[PDB]
Amino acid sequence: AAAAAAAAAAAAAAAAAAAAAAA
Amino acid sequence: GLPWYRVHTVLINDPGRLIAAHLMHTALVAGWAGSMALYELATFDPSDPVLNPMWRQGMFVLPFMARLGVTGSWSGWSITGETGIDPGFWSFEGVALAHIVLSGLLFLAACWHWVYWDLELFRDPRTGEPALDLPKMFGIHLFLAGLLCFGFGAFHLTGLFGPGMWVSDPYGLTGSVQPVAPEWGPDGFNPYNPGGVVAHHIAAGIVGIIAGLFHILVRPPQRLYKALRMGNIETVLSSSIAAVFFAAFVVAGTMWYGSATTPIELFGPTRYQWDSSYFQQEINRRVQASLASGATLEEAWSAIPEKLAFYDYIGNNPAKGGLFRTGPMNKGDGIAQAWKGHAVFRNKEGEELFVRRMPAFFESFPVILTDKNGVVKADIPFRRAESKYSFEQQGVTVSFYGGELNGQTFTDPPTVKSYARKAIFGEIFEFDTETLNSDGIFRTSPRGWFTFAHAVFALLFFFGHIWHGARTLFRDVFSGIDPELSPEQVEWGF
Amino acid sequence: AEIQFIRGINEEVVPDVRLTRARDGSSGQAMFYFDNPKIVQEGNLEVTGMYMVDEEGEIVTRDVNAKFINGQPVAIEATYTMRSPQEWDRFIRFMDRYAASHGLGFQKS
Amino acid sequence: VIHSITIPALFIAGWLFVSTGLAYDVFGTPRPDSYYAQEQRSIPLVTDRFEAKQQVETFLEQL
Amino acid sequence: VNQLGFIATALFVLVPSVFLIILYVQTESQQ
Amino acid sequence: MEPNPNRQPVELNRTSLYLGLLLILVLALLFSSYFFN
Amino acid sequence: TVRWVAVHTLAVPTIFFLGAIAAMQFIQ
Amino acid sequence: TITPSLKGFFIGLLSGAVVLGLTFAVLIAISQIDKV
Amino acid sequence: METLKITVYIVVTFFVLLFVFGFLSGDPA
Amino acid sequence: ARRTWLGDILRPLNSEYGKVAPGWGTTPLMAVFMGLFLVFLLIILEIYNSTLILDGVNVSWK
Amino acid sequence: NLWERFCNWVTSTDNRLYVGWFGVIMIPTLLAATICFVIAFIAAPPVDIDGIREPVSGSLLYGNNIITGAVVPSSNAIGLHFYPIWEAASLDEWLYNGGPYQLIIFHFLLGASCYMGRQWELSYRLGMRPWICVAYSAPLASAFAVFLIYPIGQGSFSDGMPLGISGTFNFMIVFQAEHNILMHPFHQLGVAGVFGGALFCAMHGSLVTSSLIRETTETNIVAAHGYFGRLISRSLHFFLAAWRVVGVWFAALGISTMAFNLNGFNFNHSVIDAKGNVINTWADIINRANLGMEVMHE
Amino acid sequence: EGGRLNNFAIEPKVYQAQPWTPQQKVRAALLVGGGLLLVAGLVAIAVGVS
Amino acid sequence: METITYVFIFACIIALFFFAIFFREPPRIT
Amino acid sequence: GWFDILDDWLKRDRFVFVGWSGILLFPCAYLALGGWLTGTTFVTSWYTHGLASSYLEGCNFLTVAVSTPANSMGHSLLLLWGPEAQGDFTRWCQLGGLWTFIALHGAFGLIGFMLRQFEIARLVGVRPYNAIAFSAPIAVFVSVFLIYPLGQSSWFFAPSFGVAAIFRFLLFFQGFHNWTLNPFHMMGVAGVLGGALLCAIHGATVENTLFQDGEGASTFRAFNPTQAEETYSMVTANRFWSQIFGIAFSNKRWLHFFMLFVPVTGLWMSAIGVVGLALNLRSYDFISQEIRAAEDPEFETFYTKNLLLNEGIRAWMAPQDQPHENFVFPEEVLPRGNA
Ligand code: CLA
Ligand code: CLA
Ligand code: CLA
Ligand SMILES: CCCCCCCCCCCCCCCC(=O)O[C@H](COC(=O)CCCCCCCCCCCC)CO[C@@H]1O[C@@H](CO)[C@H](O)[C@H](O)[C@@H]1O
Ligand SMILES: CC1=C(/C=C/C(C)=C/C=C/C(C)=C/C=C/C=C(C)/C=C/C=C(C)/C=C/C2=C(C)CCCC2(C)C)C(C)(C)CCC1
Ligand SMILES: CC1=C(/C=C/C(C)=C/C=C/C(C)=C/C=C/C=C(C)/C=C/C=C(C)/C=C/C2=C(C)CCCC2(C)C)C(C)(C)CCC1
Ligand SMILES: CC1=C(/C=C/C(C)=C/C=C\C(C)=C\C=C\C=C(C)\C=C\C=C(C)\C=C\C2=C(C)CCCC2(C)C)C(C)(C)CCC1
Ligand SMILES: CCCCCCCCCCCCO[C@@H]1O[C@H](CO)[C@@H](O[C@H]2O[C@H](CO)[C@@H](O)[C@H](O)[C@H]2O)[C@H](O)[C@H]1O
Ligand SMILES: [Cl-]
Ligand SMILES: [Fe+2]
């Protein structure tokens, strides 16, 4: 159906990259 | 001048050599996993998973591989018994060599961290001493543990990217590795529900990620910093040994009682399935379901599978064991070949008799044969006792319905005595007492050995926790040096 | 203002004190030594710790040892750890308020 | 310092607890007569778990 | 009847005790 | 460069050797009957 | 106080239970 | 919905929090009275 | 059998005579 | 004091060695979370024991 | 002449091992009982204990291990007869009747009595009190009661305790079957003595190592102690030794009086109600378990 | 002390935290803003797999 | 093979009795 | 303010020390002892075991017990609010809920008592060796009263808080488990008997080799925490036992570490044995003696003598000790001696 998992992972990586750049 | 029981304490004030020692431990545990997988693949019989599965062969490490989805080997057999499959690289041999080469790589980096011990990162620039930031280390490590917990639960156990886990029916007949979906609601807190495992690892991974980001943010308060003694490395060892014996008591409990993560196709049936007679009830229900459809006793008793009848035998529950009775269970009574049938005992007046089964507490049991209501009608006496009921005074015969012997009556009282002695154990099975040189003395399951080992280990880690809490809190009296005393104090005199 | 082992009594044997302040100017220790005090010439009452009574307050030390030679007690060694400059100023104030009355020299090393 | 407010009223209350027979009704102990019923020799053991609060009083109407 | 039960006995003796004797002569060189 | 000042030597006197040999030997004497079976 | 709670926890049920046990001697 | 067992668990946890709150309230009150 | 009897008799009476003359006499020196 | 590349990367994480928050900090938040964890472990332990039997939760092998 | 060098070698308090006058009896009797124990444990023929021919093999070479091996007691055909080798006809008849048991227990009890005499003699010549001898007299009375007083009271040396690991458990099981030793109070004082002696050993050894900081010798006994205890005469060692001692004396004279069939006042509440119905107690479960071993022993 | 050796940990000097400098204020703001969008992605992954 | 194993473990304890009684360590003198 | 005024009130000087751990210890120890006294006085065992076990029935001190719950209860916690008691106090007494009341309070009171030893050693400033020595009765209590019935079918197979019930527990373990043949048990017997021997020898030789015997004995200053361990000469007692026994202690510290270490290691080893027997991993049978006894019937040792006595214990105590199983054993299947 709706691919929320193919957009939540896209927003995860982006958010996870900002966590390591503020470490 | 260190004693033998203090020789590791040279790694307390040296973090890089501590990384080396932990890396050498992690190398030894990974090398054990590869070596026990190879030793288990050396001696294992995949030909008959009905009457000789992996919990009967003493396989300890094989069910933990098959639980997460490793089925099938490079030789060309499966665990479920297909004997032709393309399992990929990730067979039993593939994960065995993966842990072997992992063990070698962690040994090499243990040697690097042992010889390049003096890095600047373990030092502070102001003081000369080596120091570590343990509340931020816990935040990085909790963020990692939550990230890999969420990854395991959302990607492995769902089958979105991976196999699922082992799921079976309630009675252990049909079991495989399937993708299971997470169970939100109160049915996720059922231990025998495999969706609560997935909903757990999603939810506890999210909670661990939030808490790890919290500790990277927030410094500890002053009161519980000098109360719980952060700055000591031994408070972390103390609290870790606490959580570790908590977790070991939990895995011994869910191994002994059963859950969805310790199923009976992989680990064998529990003792409580014999205590409540969980398989005799399903066997009687299946027979009465076939008998009320208008079938014979042979047609109803022949419809029962051999595996369901194998679960109803006292040589498969783990509370019939010995501590020094080593080996697999096939050393215990032999390798099971066929279900002999279902013994129905007759009283020479056409009356059905019932053998009182043996409970798991007894090392030996008397053979007593009673009625539907419960009056003792026959028994095999002790040795030379005044037989009143006996076996030939009442004329006990044994007929067999279903199984190998099907429709064979035995009117010869020594064979009736031997069949009744085997019928106190539950269902009667034919064994291979050769090919392993087995005796008749019962062994215990992998379920029993896992529960024994980690109950003993959790009890010893209780003492280890007390000793390290008493070393962390009482440090100024165990040394003579106050922890908040700087180690160079110029004298004044008086 | 004076030292006492059993609350109510006033140890009339002066100690040799040895101070050891941290070159960091914060943590400190004061190794006392009482050579044959009154609390070791028999008294029966149980020592509960070494107390320093004064007019600002009272300080306590639970590190109190007793030296025994051939069964007989001969000496007492109590070591008090400062670990705060806010406590170090208190102990140096107690030390001259005690040394003014019993007499002691402060041979700065 | 002198402490004699109520000593023997407690001893008389403890005597009257088991003298009148209240403790058999509170703690559920049977009387020497009320061990077995008038016809059975079987022991009223507690069988299956969650019916147990019924099961004991299933025996306690047999008297 | 165990054949390697004899082996598990000897490794019960020869593995710790040697570790004591090696630890003994290592501190007879220190002194 | 510097040869790791965190290394202290390990001591085992003759008496701790005797107590350890006594412990390992009577543990083997207790447990050999169970290892043999 | 400091002495009242040891009396109300220990000496009251000991005197009550000694009344119970001393009246048990004349049952049956 | 709420079973007999869930109502019994809520009653037990409520009574245990009443006991655990009441002992710390009484000990806090006796400590704030005796301030020597 | 007779020779073991007189051997044990001789050795037992020798050891108790040693014990008795070590207690009765030989008290100084 | 070797100055490696990865030691330069991971340097700000091992930088606050004894940093402390003043006084009591977030100890009441920790205490209500420890209490919620205790209530949760009681809920688990009584579900597995069938001391709290819930609607639609059958604690057996089915 | 030279008899003085031997007399002062025996009386010497500067030897490595003290060889007293009681050691002059103690060394050959304990060596004879030691060498016969090591021989009869390894290699010994099976011993019949009953009058029937069902002999109990207790040696190591006849298929036993450390746990099940024992020196079997002498037979019922001996009883309270003194049985040396020269009373028997053959040596094989001496081993079949169980003569090694009588040999080992007689030389062992002589040598253990002389070991008590050696402790008394060294305390006398060092000019000391006899508190080590009196504390040794509780295992000595407990080894007299088990090996000598109980086979004399039961009328035969077969009733004594066998010298082996599983044989002691067989002795204890048969004693619980015949005598109900667990409900007799002289045995419960021994359990209180042994349990409290273990308790006082752990509490005393923890509390001294907690507050003993350093000690030295001349090469004067200097000792620094971390004193000052908790808040609101010193013969703690007399209580520490005398608690376990009189505890073991009570059970030693307890089974010495159980030897002569003087069973202590049994606390058996045989509660019966008025219908002829039996209400069981917990002493009835123990009495059923004792009846299950008395019938098993025949 | 009997004639042996021991080892105990060397604790760093405890100092109370100062209020944040803006180099750390931006770092902490980027930390919370990374974490909340991370756990917003994880609930969508959880909603997709369920 | 088991009997000489039990006798060997017993004889090692009997030899350790001799080596601990007579070859005991001298005290550390200062 | 909030926390400190409580903290120095608790750690104040008093009759008893009531620390922060006194809040755990005194309700839990008080309700464990109160549950055992109100169970031995009034509460019966008629519906769980079929026994009369109170002072109300006529039992003496050696015969009362607070009995284990029935086997059908399982490992239920038996809370008074409950799914089984449902608020009712009388049924909670009749189902055996007082056993779980005393056992859970024994667990949390032993936790609180070992915490109080840490609290008393922390303010005095000594090393907490007494709290480490108390970890052996905590290990014995958890391995016997908690780990053993949780490995079994229910709480029914557990010691039942009475003198004769504990004697039933000992005879049960001889019959059904062969517990005296377990090597962990043999280490436990060795630890307890050697600890009793250690304290008997040590008290006998402190009071013998004293510094001031009886003549010039001016009583020096006694310190309560010294335990009078400074009134004897280690030289004289070492010179005695080097001549009598050959081996001797040369330390006043290693002696008391050995005195701590011997019975605590004994109790920890027997705890490991009962944790193994929780899942019936018992050292019951040597396999070689089993085959050597099944080979020829003239092979009798004391071991094969003991296995028959265990069979007698099992088949003669089992219809009355376990009444829920409904064992009907006729007279001809009971193991007799002349059979
Ligand atoms: C919807 C969200 C969700 C769901 C469905 C689950 C589902 C589950 N969780 Mg998870 N959990 C979650 C969110 C969730 N969780 C979150 C957000 C956290 C916080 C990070 C956790 C933290 C957590 C823990 C800490 C545990 C679970 C456990 C479980 C399981 C309970 C069933 C069981 O077998 O317990 C069996 C376990 C118990 C009943 C707990 C026993 C508690 C003991 C008795 C405490 C005392 C122990 C102490 C050492 C003394 C023992 C003495 C003894 C020797 C006699 C099940 C898979 C349990 C588990 O892992 O089971 C395998 C478990 O222990 N969860
Ligand atoms: C993560 C778990 C863990 C870790 C990392 C440590 C680490 C440490 N311990 Mg602790 N401890 C633990 C758990 C742990 N312990 C447990 C469970 C207990 C109770 C058993 C203890 C009881 C304990 C005591 C009583 C002492 C320590 C001490 C020490 C320190 C020196 C250790 C040493 O040099 O031994 C050297 C050990 C040897 C040379 C040989 C030991 C051989 C053993 C007994 C048998 C063989 C074990 C086998 C190889 C391992 C398989 C393990 C697996 C089955 C668990 C070190 C900091 C010592 C101390 O504090 O120093 C100041 C100390 O006195 N520990
Ligand atoms: C005999 C038991 C015992 C003892 C004496 C200790 C002693 C110690 N603990 Mg450990 N601990 C224990 C068991 C014990 N612990 C258990 C079972 C756990 C859970 C795994 C822990 C987890 C733990 C951690 C994580 C830490 C300690 C630490 C400490 C040290 C400081 C004191 C403290 O924090 O107490 C803790 C308090 C208690 C054990 C009392 C608990 C009382 C509970 C809350 C009562 C609950 C009642 C319950 C709800 C009733 C329902 C029952 C249910 C079955 C129906 C000290 C060495 C700290 C330390 O090492 O600092 C250096 C530390 O960080 N403990
Ligand atoms: C380098 C240092 C070595 C030191 C070792 C010292 C000896 C210590 C171990 C003693 C083992 C005796 C058995 C030897 C016979 C044998 O081999 O048992 C084996 C099992 O062992 C094993 O599985 C070892 C793993 C044991 C795990 C079980 C849980 C233990 C928890 C311990 C808690 C600790 C307090 C396998 O059994 C054998 O192999 C079977 C076929 O695979 C056959 O049945 C054989 O007849 C035979 O039984
Ligand atoms: C270098 C390298 C390599 C190699 C590697 C390897 C070779 C590995 C192996 C590893 C291994 C091979 C390991 C092993 C391990 C094992 C272990 C670690 C074991 C242990 C054991 C134990 C610990 C035991 C214990 C015990 C006992 C004693 C008996 C009884 C039981 C118990 C448990 C108690 C390669 C080329 C690949 C590549 C990379 C590099
Ligand atoms: C259960 C419970 C509870 C509790 C209660 C309690 C807590 C009670 C208490 C109780 C008590 C607390 C009791 C007591 C009792 C006591 C007694 C009963 C005593 C007796 C004594 C005697 C009898 C003595 C004797 C003697 C001796 C010892 C010797 C000498 C002589 C004489 C005689 C003196 C409650 C309700 C809360 C809740 C619910 C549950
Ligand atoms: C110091 C001293 C001395 C001495 C030394 C000695 C003299 C030692 C000895 C040693 C000895 C002199 C020992 C003995 C022994 C004997 C015996 C031990 C007997 C017998 C045996 C037997 C009779 C055996 C038998 C048998 C059996 C059991 C079975 C098999 C066969 C046979 C026949 C082998 C002198 C004089 C110089 C001086 C004084 C003091
Ligand atoms: C004071 C000290 C006195 C100590 C005296 C004894 C010390 C030395 C004891 C050595 C005894 C050796 O014991 C020897 O063992 C082997 C097996 O191990 C036995 O042999 C036994 O098993 C073998 C198989 O192994 C069979 O073939 C044989 O039929 C059987 O009797 C021998 O019968 C015995 O001769
Ligand atoms: Cl017998
Ligand atoms: Fe002492």
# chains A, B, ... in the order shown; residues from 1 in each chain; ligands from 1
>>> residues_near_ligand(ligand="ligand 4", cutoff="7 Å", atoms="only C-alpha atoms and all ligand atoms", output="list in words")
residues 326, 327, 328, 331, 449, 452, 453, 456 and 457 of chain B; 2, 4, 5, 8, 9, 11, 12 and 15 of chain E; 35 of chain F
>>> write_last_selection(atoms="C-alpha atoms", output="tab-separated table (two decimals), in the first residue's frame")
chain	number	residue	atom	x	y	z
B	326	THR	CA	26.88	-36.97	30.41
B	327	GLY	CA	26.27	-36.90	26.70
B	328	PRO	CA	23.09	-36.74	24.63
B	331	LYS	CA	23.16	-42.19	25.22
B	449	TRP	CA	21.61	-27.96	30.73
B	452	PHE	CA	21.33	-25.48	35.10
B	453	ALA	CA	24.28	-23.50	33.78
B	456	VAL	CA	24.35	-21.50	38.73
B	457	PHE	CA	26.07	-18.64	36.87
E	2	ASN	CA	34.38	-43.31	30.90
E	4	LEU	CA	38.08	-39.52	28.84
E	5	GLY	CA	36.79	-39.16	32.39
E	8	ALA	CA	39.06	-34.80	32.62
E	9	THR	CA	40.61	-35.88	35.91
E	11	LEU	CA	43.22	-31.85	33.23
E	12	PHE	CA	41.62	-31.20	36.62
E	15	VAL	CA	46.05	-27.52	34.26
F	35	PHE	CA	33.97	-37.87	36.40
>>> interface_residues(of="chain N", to="chain H", cutoff="8 Å", atoms="only C-alpha atoms", output="list in words")
residues 5, 6, 9, 81, 82, 83 and 86 of chain N
>>> residues_near_ligand(ligand="ligand 6", cutoff="6 Å", atoms="only C-alpha atoms and all ligand atoms", output="PyMOL selection string")
(chain G and resi 10+13-14+17-18) or (chain N and resi 31+34-35+37-38)
>>> select_by_dssp(residues="chain G", states="helix (DSSP H, G or I)", output="PyMOL selection string")
chain G and resi 4-26
>>> write_last_selection(atoms="N, CA, C and O atoms", output="mmCIF file, in the first residue's frame")
data_model
loop_
_atom_site.group_PDB
_atom_site.id
_atom_site.type_symbol
_atom_site.label_atom_id
_atom_site.label_comp_id
_atom_site.auth_asym_id
_atom_site.auth_seq_id
_atom_site.Cartn_x
_atom_site.Cartn_y
_atom_site.Cartn_z
ATOM 1 N N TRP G 4 8.147 3.392 72.445
ATOM 2 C CA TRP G 4 6.730 3.070 72.366
ATOM 3 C C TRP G 4 6.438 2.132 71.204
ATOM 4 O O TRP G 4 5.553 1.269 71.298
ATOM 5 N N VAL G 5 7.182 2.268 70.100
ATOM 6 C CA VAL G 5 6.849 1.486 68.912
ATOM 7 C C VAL G 5 7.316 0.041 69.058
ATOM 8 O O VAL G 5 6.681 -0.871 68.513
ATOM 9 N N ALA G 6 8.330 -0.209 69.893
ATOM 10 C CA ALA G 6 8.750 -1.579 70.161
ATOM 11 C C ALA G 6 7.751 -2.277 71.072
ATOM 12 O O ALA G 6 7.492 -3.477 70.921
ATOM 13 N N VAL G 7 7.117 -1.514 71.965
ATOM 14 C CA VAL G 7 6.065 -2.053 72.818
ATOM 15 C C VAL G 7 4.815 -2.356 72.002
ATOM 16 O O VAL G 7 4.293 -3.472 72.057
ATOM 17 N N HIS G 8 4.381 -1.410 71.166
ATOM 18 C CA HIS G 8 3.153 -1.599 70.396
ATOM 19 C C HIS G 8 3.319 -2.606 69.262
ATOM 20 O O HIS G 8 2.320 -3.136 68.765
ATOM 21 N N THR G 9 4.554 -2.905 68.850
ATOM 22 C CA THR G 9 4.717 -3.949 67.851
ATOM 23 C C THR G 9 5.021 -5.312 68.456
ATOM 24 O O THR G 9 4.657 -6.329 67.864
ATOM 25 N N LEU G 10 5.670 -5.383 69.618
ATOM 26 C CA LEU G 10 6.106 -6.673 70.143
ATOM 27 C C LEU G 10 5.312 -7.112 71.369
ATOM 28 O O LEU G 10 4.905 -8.269 71.453
ATOM 29 N N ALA G 11 5.093 -6.215 72.331
ATOM 30 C CA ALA G 11 4.574 -6.648 73.619
ATOM 31 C C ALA G 11 3.060 -6.811 73.605
ATOM 32 O O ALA G 11 2.523 -7.587 74.395
ATOM 33 N N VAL G 12 2.354 -6.091 72.743
ATOM 34 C CA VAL G 12 0.916 -6.306 72.581
ATOM 35 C C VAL G 12 0.595 -7.649 71.910
ATOM 36 O O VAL G 12 -0.229 -8.392 72.482
ATOM 37 N N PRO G 13 1.187 -8.057 70.760
ATOM 38 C CA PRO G 13 0.824 -9.388 70.251
ATOM 39 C C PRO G 13 1.430 -10.542 71.033
ATOM 40 O O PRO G 13 0.887 -11.645 70.963
ATOM 41 N N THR G 14 2.480 -10.321 71.824
ATOM 42 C CA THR G 14 2.986 -11.395 72.672
ATOM 43 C C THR G 14 2.050 -11.679 73.840
ATOM 44 O O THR G 14 1.813 -12.844 74.165
ATOM 45 N N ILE G 15 1.446 -10.644 74.425
ATOM 46 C CA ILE G 15 0.494 -10.854 75.511
ATOM 47 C C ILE G 15 -0.826 -11.409 74.971
ATOM 48 O O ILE G 15 -1.417 -12.319 75.575
ATOM 49 N N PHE G 16 -1.250 -10.943 73.783
ATOM 50 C CA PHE G 16 -2.423 -11.511 73.105
ATOM 51 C C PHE G 16 -2.220 -12.983 72.736
ATOM 52 O O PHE G 16 -3.108 -13.820 72.948
ATOM 53 N N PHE G 17 -1.036 -13.323 72.227
ATOM 54 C CA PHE G 17 -0.777 -14.688 71.796
ATOM 55 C C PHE G 17 -0.542 -15.602 72.984
ATOM 56 O O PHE G 17 -0.810 -16.802 72.905
ATOM 57 N N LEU G 18 -0.058 -15.056 74.099
ATOM 58 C CA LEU G 18 0.046 -15.865 75.307
ATOM 59 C C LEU G 18 -1.323 -16.113 75.918
ATOM 60 O O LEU G 18 -1.552 -17.174 76.503
ATOM 61 N N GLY G 19 -2.261 -15.178 75.734
ATOM 62 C CA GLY G 19 -3.647 -15.456 76.093
ATOM 63 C C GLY G 19 -4.278 -16.532 75.228
ATOM 64 O O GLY G 19 -4.984 -17.412 75.730
ATOM 65 N N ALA G 20 -3.966 -16.515 73.928
ATOM 66 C CA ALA G 20 -4.463 -17.530 72.996
ATOM 67 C C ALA G 20 -3.879 -18.913 73.287
ATOM 68 O O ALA G 20 -4.605 -19.913 73.326
ATOM 69 N N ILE G 21 -2.569 -18.981 73.538
ATOM 70 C CA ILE G 21 -1.914 -20.259 73.795
ATOM 71 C C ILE G 21 -2.276 -20.788 75.181
ATOM 72 O O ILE G 21 -2.473 -21.997 75.357
ATOM 73 N N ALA G 22 -2.481 -19.901 76.160
ATOM 74 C CA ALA G 22 -2.865 -20.362 77.489
ATOM 75 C C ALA G 22 -4.337 -20.738 77.548
ATOM 76 O O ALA G 22 -4.767 -21.438 78.468
ATOM 77 N N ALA G 23 -5.138 -20.271 76.588
ATOM 78 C CA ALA G 23 -6.491 -20.800 76.507
ATOM 79 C C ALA G 23 -6.600 -22.003 75.589
ATOM 80 O O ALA G 23 -7.645 -22.658 75.584
ATOM 81 N N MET G 24 -5.562 -22.305 74.804
ATOM 82 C CA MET G 24 -5.588 -23.522 73.998
ATOM 83 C C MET G 24 -5.397 -24.782 74.828
ATOM 84 O O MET G 24 -5.689 -25.877 74.338
ATOM 85 N N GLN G 25 -4.911 -24.657 76.062
ATOM 86 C CA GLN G 25 -4.603 -25.813 76.889
ATOM 87 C C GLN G 25 -5.846 -26.511 77.421
ATOM 88 O O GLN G 25 -5.746 -27.651 77.882
ATOM 89 N N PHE G 26 -7.006 -25.856 77.374
ATOM 90 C CA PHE G 26 -8.258 -26.423 77.848
ATOM 91 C C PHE G 26 -9.241 -26.698 76.716
ATOM 92 O O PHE G 26 -10.451 -26.756 76.953
#
>>> closest_atom_pairs(of="chain B", to="chain L", cutoff="8 Å", atoms="only C-alpha atoms", output="tab-separated table")
residue	atom	partner	partner_atom	distance
B:1	CA	L:4	CA	4.9
B:2	CA	L:5	CA	4.8
B:3	CA	L:4	CA	7.0
B:6	CA	L:6	CA	7.2
B:9	CA	L:7	CA	5.7
B:10	CA	L:7	CA	6.8
B:12	CA	L:9	CA	6.0
B:13	CA	L:9	CA	5.9
B:129	CA	L:10	CA	7.7
B:130	CA	L:10	CA	7.9
B:131	CA	L:12	CA	6.4
B:154	CA	L:49	CA	6.7
B:158	CA	L:49	CA	6.6
B:160	CA	L:49	CA	7.2
B:181	CA	L:50	CA	5.9
B:182	CA	L:50	CA	5.6
B:183	CA	L:50	CA	7.8
B:202	CA	L:46	CA	6.8
B:206	CA	L:39	CA	6.6
B:209	CA	L:39	CA	7.8
B:210	CA	L:35	CA	7.2
B:213	CA	L:35	CA	6.8
B:217	CA	L:28	CA	6.8
B:222	CA	L:16	CA	7.8
B:231	CA	L:11	CA	4.7
B:232	CA	L:9	CA	5.7
B:233	CA	L:9	CA	6.6
B:234	CA	L:9	CA	7.9
B:475	CA	L:8	CA	7.7
B:479	CA	L:8	CA	7.5
B:483	CA	L:11	CA	6.5
B:484	CA	L:11	CA	7.4
>>> residues_near_ligand(ligand="ligand 10", cutoff="8 Å", atoms="only C-alpha atoms and all ligand atoms", output="list in words")
residues 204, 205, 208 and 237 of chain K; 202, 203, 206, 227, 228, 229, 252, 255 and 256 of chain N
>>> write_last_selection(atoms="N, CA and C atoms", output="compact mmCIF listing (two decimals), in the first residue's frame")
# COMPACT_ATOMS: atom_id res chain seq x y z
N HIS K 204 33.00 -14.12 63.38
CA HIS K 204 34.20 -13.73 64.10
C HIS K 204 35.37 -13.48 63.16
N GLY K 205 35.55 -14.34 62.16
CA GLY K 205 36.56 -14.11 61.16
C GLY K 205 36.30 -12.95 60.24
N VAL K 208 36.98 -9.66 62.67
CA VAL K 208 38.35 -9.37 63.05
C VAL K 208 39.15 -8.85 61.86
N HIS K 237 36.27 -15.65 73.37
CA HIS K 237 36.80 -16.90 72.87
C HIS K 237 36.39 -18.10 73.69
N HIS N 202 40.20 -22.33 67.74
CA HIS N 202 40.66 -20.95 67.89
C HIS N 202 40.29 -20.37 69.24
N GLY N 203 39.09 -20.66 69.73
CA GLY N 203 38.75 -20.21 71.06
C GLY N 203 39.46 -21.00 72.14
N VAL N 206 43.14 -19.31 72.03
CA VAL N 206 43.31 -17.94 72.52
C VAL N 206 43.30 -17.94 74.03
N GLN N 227 37.28 -7.25 69.40
CA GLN N 227 36.81 -8.65 69.62
C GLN N 227 37.82 -9.39 70.50
N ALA N 228 38.47 -8.67 71.42
CA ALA N 228 39.46 -9.23 72.36
C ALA N 228 40.53 -10.02 71.60
N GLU N 229 40.76 -9.67 70.33
CA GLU N 229 41.78 -10.36 69.49
C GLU N 229 43.11 -9.60 69.61
N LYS N 252 47.67 -13.34 62.29
CA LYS N 252 46.39 -13.04 62.91
C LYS N 252 45.37 -12.56 61.90
N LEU N 255 44.37 -16.18 59.52
CA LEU N 255 43.55 -17.03 60.39
C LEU N 255 42.09 -16.65 60.33
N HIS N 256 41.81 -15.36 60.39
CA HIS N 256 40.42 -14.95 60.38
C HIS N 256 39.89 -14.79 58.97
